[PDB]
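Number of protein chains: 2
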Amino acid sequence: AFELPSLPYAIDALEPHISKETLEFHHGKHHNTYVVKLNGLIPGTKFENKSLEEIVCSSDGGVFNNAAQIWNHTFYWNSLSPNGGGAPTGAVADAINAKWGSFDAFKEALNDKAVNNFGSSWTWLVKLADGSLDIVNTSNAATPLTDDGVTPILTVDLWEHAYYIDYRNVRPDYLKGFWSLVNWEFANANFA
Amino acid sequence: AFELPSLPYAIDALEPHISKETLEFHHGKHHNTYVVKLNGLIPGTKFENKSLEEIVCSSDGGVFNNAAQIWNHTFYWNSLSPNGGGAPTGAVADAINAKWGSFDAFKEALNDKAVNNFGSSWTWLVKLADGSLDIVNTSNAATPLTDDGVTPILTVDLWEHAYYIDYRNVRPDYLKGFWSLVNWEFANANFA
Ligand SMILES: OC[C@H]1O[C@H](O[C@H]2O[C@H](CO)[C@@H](O)[C@H](O)[C@H]2O)[C@H](O)[C@@H](O)[C@@H]1O
Ligand SMILES: OC[C@H]1O[C@H](O[C@H]2O[C@H](CO)[C@@H](O)[C@H](O)[C@H]2O)[C@H](O)[C@@H](O)[C@@H]1O
Ligand SMILES: [Fe+3]
Ligand SMILES: [Fe+3]
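Residue numbers (the authors' numbering), protein chains in the order written: chain A, 1 to 192; chain B, 1 to 192.
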């Protein structure tokens with residue numbers, strides 16, 4: 001049914017911020033496993049012919065954990081880039097300034113939400129229904145995609161498999177890696 | 001203030017099932033961090049004079065997450081032993097045979113609960129109010145210590161940091177490691 005998407009860049013393209021070995025396990029094993037599991041759960045069910053987002057927004061239990069993780073990881077890979085990092089640009093830079101006053105205050109606010117997102121989790125930059133940006137944390141497979149009117153803009157995976165190989169227990173060091181890779185083109189594409 | 005308990009065995013005593021590197025990060029860094037963080041949170045609350053278990057059973061939020069994780073890890077180190085593994089003995093073996101019919105059926109049941117305990121979690125062997133054994137899963141820092149009438153007997157930490165260095169994504173391989181280390185003396189002590 002579903003297929004694991006290709007990575008949007010070569011396996012060593014995020015070096016030295018996220019390693020090749022991390023992409024091999026994170027994309028090639030964890031993301032793949034969610035796709036295999038969902039496909040095993042859907043045959044001959046009321047989800048067998050629905051799109052992935054349709055499944056994510058209409059399931060619970062194991063179907064939801066697997067489908068939402070497939071979606072969350074594809075969004076995460078797009079949130080990184082070997083040509084990303086550095087200062088934000090375009091409409092998202094201005095929207096960040098409108099909410100937090102400055103990019104540095106936004107980065108401090110997102111780092112604080114990410115470091116403190118307890119357990120397996122995701123930290124998201126979203127555009128609320130009212131048009132403003134905000135930072136929100138979700139646990140396990142939960143995702144702002146299920147929230148009517150909220151538009152996911154970027155995400156950082158904080159499950160330990162996302163960073164343990166490269167950074168062990170030090171999330172702030174992984175977050176420095178993330179800021180060096182953040183894909184402002186994808187953020188702007190989602191914001192607009 | 002609280003202190004990080006010593007490990008009950010040498011750093012390489014669980015080799016080759018859990019590595020020295022895993023114990024250095026897992027005990028020396030993760031377990032330690034929960035101790036430091038709790039020792040920041042307590043003062044100025046109705047907690048600074050309470051024992052660890054008293055805090056675990058009457059707190060929520062960050063105090064609970066750090067205090068429950070300190071308790072859960074100390075319980076987890078005691079659940080392993082370089083002289084453990086193999087068939088269960090004593091009262092716990094008999095109780096296992098009473099609930100599941102055989103040790104092999106128990107192991108299959110616990111393995112299924114642990115492999116499928118989604119996200120950061122713990123799988124516990126507990127003794128119920130009625131005297132029977134059961135397997136229960138908790139998420140993040142939740143623990144049966146807070147359930148009236150339930151007595152924790154053994155635990156397996158399923159947060160990814162407990163096994164990623166040694167086994168990466170393969171929980172079943174980590175669980176084989178756990179069966180080779182399970183401390184039946186601690187289980188029997190807790191059961192009696
Ligand atoms: O996909 C199997 C089940 O996964 C979840 O439940 C598992 O993980 C929980 C922690 O996130 C545990 O509490 C639970 O015991 C496990 O079975 C999901 O919640 C279930 O609905 C799925 O069927
Ligand atoms: O210890 C600080 C807070 O930790 C928890 O909240 C963090 O982790 C949650 C995921 O488990 C996130 O949803 C949340 O946004 C983070 O702040 C705890 O639940 C809070 O009560 C603590 O203050
Ligand atoms: Fe992930
Ligand atoms: Fe742990």
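From the three backbone atoms N, C-alpha and C, an ideal C-beta is built for every residue, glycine too.
C-alpha gap between residue i and residue j, whole angstroms
| i | j | result |
| --- | --- | --- |
| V156 of chain B | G101 of chain A | 46 Å |
| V36 of chain A | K46 of chain B | 49 Å |
| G90 of chain A | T74 of chain B | 50 Å |
| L4 of chain B | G85 of chain A | 39 Å |
| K113 of chain B | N97 of chain A | 47 Å |
| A187 of chain A | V136 of chain A | 15 Å |
| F103 of chain B | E54 of chain B | 34 Å |
| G62 of chain B | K50 of chain B | 16 Å |
| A189 of chain A | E48 of chain A | 30 Å |
| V92 of chain A | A105 of chain A | 14 Å |
| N83 of chain B | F2 of chain B | 29 Å |
| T143 of chain B | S59 of chain B | 13 Å |
| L80 of chain B | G177 of chain B | 10 Å |
| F191 of chain B | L125 of chain B | 10 Å |
| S6 of chain B | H27 of chain B | 9 Å |
| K99 of chain A | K29 of chain B | 36 Å |
| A68 of chain A | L52 of chain B | 37 Å |
| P16 of chain A | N169 of chain B | 22 Å |
| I70 of chain A | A109 of chain A | 27 Å |
| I18 of chain B | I18 of chain A | 25 Å |
Contacting residues, own chain, Cβ-Cβ under 7 Å from residue i (five flanking each side not counted)
| i | result |
| --- | --- |
| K107 of chain A | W179 |
| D148 of chain B | none |
| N66 of chain A | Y34, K37, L38, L41 |
| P8 of chain A | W77, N78 |
| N32 of chain B | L4 |
Cβ neighbour criterion (16 or more within 10 Å) applied to residue i
| i | result |
| --- | --- |
| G131 of chain B | exposed |
| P88 of chain B | buried |
| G44 of chain A | exposed |
| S120 of chain B | buried |
| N117 of chain B | buried |
| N183 of chain B | buried |
| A10 of chain A | exposed |
Integer Cβ distance of residue i from residue j, believed to fall under 8 Å
| i | j | result |
| --- | --- | --- |
| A141 of chain B | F25 of chain B | Actually they are not in contact, since the Cβ atoms of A141 of chain B and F25 of chain B sit about 18 Å apart, beyond 8 Å. |
| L14 of chain B | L181 of chain B | 6 Å |
| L128 of chain B | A95 of chain B | About 10 Å; that fails the 8 Å criterion. |
| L158 of chain B | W122 of chain B | 6 Å |
| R171 of chain A | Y163 of chain A | 7 Å |
| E160 of chain B | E160 of chain A | 4 Å |
Contact set for residue i: own chain, Cβ-Cβ below 6 Å, skip 5 residues either direction
| i | result |
| --- | --- |
| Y167 of chain A | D173, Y174 |
| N111 of chain A | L175 |
| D12 of chain A | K20 |
| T138 of chain A | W122 |
| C57 of chain B | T146 |
Contacting residues, own chain, Cβ-Cβ under 8 Å from residue i (five flanking each side not counted)
| i | result |
| --- | --- |
| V115 of chain A | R171, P172, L175 |
Cβ contact check for the region 75 to 82 of chain B and the region 147 to 166 of chain B: 3 or more pairs under 8 Å = yes
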